[PDB]
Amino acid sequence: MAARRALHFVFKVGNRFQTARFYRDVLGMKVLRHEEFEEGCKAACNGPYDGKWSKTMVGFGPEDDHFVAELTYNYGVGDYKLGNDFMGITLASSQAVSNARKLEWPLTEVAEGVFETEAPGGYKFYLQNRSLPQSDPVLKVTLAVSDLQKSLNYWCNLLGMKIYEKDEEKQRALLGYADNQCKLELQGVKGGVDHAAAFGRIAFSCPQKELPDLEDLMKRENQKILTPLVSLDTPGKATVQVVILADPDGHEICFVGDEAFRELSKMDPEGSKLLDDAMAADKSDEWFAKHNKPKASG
C-alpha cells in the first residue's frame, strides 16, 4: 500500500445552494458528509451568523477510496476572489459532460474530448468525455508553482511523493503516493503565484505516529508550519489530529492521522438530507439584506 493518502481539496463556498447544485446536477457527485459548526466569538457575538460555518464532503464515493471536495461555507462570507493558485481538478465522466450540456452550463473543449467548466466561485473542473471508469473518476488536482525544482524538493524529498511524470521543458510534474490515488500536478506558471482570497488546501492522511516527526522535519528544514499538531473536534464524531503546512509557493497542506480520520470520514447516509435541511433553514442572505450590508469578502 502507501502510508500517505490524498483525501480532498478545500473549496471556499460563497453560495452553498448554487455550489451544491453544480456538484450534484453537473458533476454528478453526491453528498458524503454534512457538518454544521459554531465557533462562538472572541468578543460579543455580532449577528446570529458570527462563527457559524458548515463543511460538506462531496465526491463519487466513500472518502476511504475517493478524492473529494471539502465545501467550506461561512454563513457571514458571500464572495472569494479566485487567484491563479488552483488550476483545476480533472475527472473522467461523459455523464458530467451530458449534464453540463442538458443544463446549458457552459463547457469549452480545450483538447480532444476534454471540456473545461467552472463551478460557482470560478474553480475549474476538466471533464474527460469518456465512460465513468471502474474507480474514482477524479484523476488529479493541478496547482501553479513559481519554481518547479524548489517544489519537487519539497513535495518529493520532504513529503515523499513519487514522480509519475516529469517534463523540465513544459515545467510540469505528476506526483502521487500510489497508482490508485488522485495525483498532484505541479505546473510552472507565468507572473508568480497569487492566492488572493479563494485559496484552498490539499489534505493528506498519514499514520498518526508520523505527524510529530513530519512537524519536526519541516522545522529542521526551515519550512513553514501554519498550524502545529492540534486536535480538531467535529460535533457528534471522532477527533482527529492535524498539522497544517505551506509549500514553497504558500499552498496550504493538511496532514491528518489516518486511523482517526477513517472514523470521522464514514459516509453518512443522512448527509444529503442534512445539507438540504440546513440550506432550507439558511436565511443569512435575507438577514444581511434587512441589515443593508453585504456578507464579508474573503
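Residue positions are given as counts along the sequence shown, with the first one as 1.
#### Entry: Stretch with the greater mean C-alpha B-factor as recorded in the entry, comparing 213-221 against 188-196
Stretch with the higher mean C-alpha B-factor: 188-196.
### Message
Tell me which stretch, 268-276 or 36-44, has the higher mean Cα B-factor listed in the entry.
### Response
Stretch with the greater average CA B-factor: 36-44.
### Residue, from 27, 246, 256, 229, that the PDB entry assigns the highest Cα B-factor
Largest recorded C-alpha B-factor: 229.
### Task
Compare the CA B factors listed in the entry for 252, 70, 50, 65 and report the winner.
Spelled out: the listed residue with the top C-alpha B-factor is 50.
### CA B-factor ranking of residue 234, expressed as a third of its chain
Its C-alpha B-factor belongs to the highest third of this chain's values.
#### Entry: residue 153 CA temperature factor, ranked by third within the chain
Its C-alpha B-factor belongs to the highest third of this chain's values.
### Query
So where's residue 83 on the chain's Cα temperature factor ranking, which third?
For residue 83, the deposited C-alpha B-factor lands in the highest third.
### Query
Should residue 76 be placed in the lowest, middle or highest third of its chain by the C-alpha B factor in the entry?
Its C-alpha B-factor, which the entry lists for residue 76, ranks in the lowest third among residues of this chain.
### Message
Considering every modelled residue of the chain and its Cα B-factor in the PDB entry, is residue 122 in the lowest, middle or highest third?
### Response
It belongs to the middle third of the chain when residues are ordered by C-alpha B-factor.
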